[PDB]
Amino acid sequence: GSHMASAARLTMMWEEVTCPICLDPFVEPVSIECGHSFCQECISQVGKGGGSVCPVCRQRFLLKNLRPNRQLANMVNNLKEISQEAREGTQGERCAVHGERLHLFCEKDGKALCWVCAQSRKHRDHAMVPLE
């Protein structure tokens, strides 16, 4: 049957589908030699000229050995959907990256945030205020 997924549990699941370079949910997730995964755009940037080292474990990698890791993108989609299936007859703007409702504004980044955004490493030290 169904189960309640706590806030803490959802945070951990998001963590697993989050790029270590940009700290957003993975977009076109790919893995390098060592098996660590990244957004394809992100690791392509780090490896400009053909290669570099893994930002997590410092093992060497080549851009030609990029591998698609589609299950991670599927898992992002499953997590975004939990937010839309949520609403007990309810509808409004949703975070482009998490699919949760937007109720906060990051003054540093000058954009709206959901609660997942607010707690994440990417924003949790920024100044935030409620939307109005």
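Residues carry their position along the shown sequence, with the first being 1.
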Completion exercise
When mean C-alpha B-factors in the record are compared for 82-90 and 47-55, the larger belongs to 82-90
Fill in the blank from the handout: Per the PDB entry, mean CA B-factor is higher for 11-19 or 120-128, namely for 120-128
Problem - Top Cα B factor in the deposited entry, candidates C42, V30, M75, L63 - result: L63
Practice task
Among all modelled residues of this chain, ranked by Cα B factor, put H36 in the bottom, middle or top third, i.e. lowest, middle or highest.
Solution key: middle
Exercise for the section: Would you mind ranking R70 by its C-alpha B-factor against the rest of the chain and naming the third, lowest, middle or highest? Expected result: highest
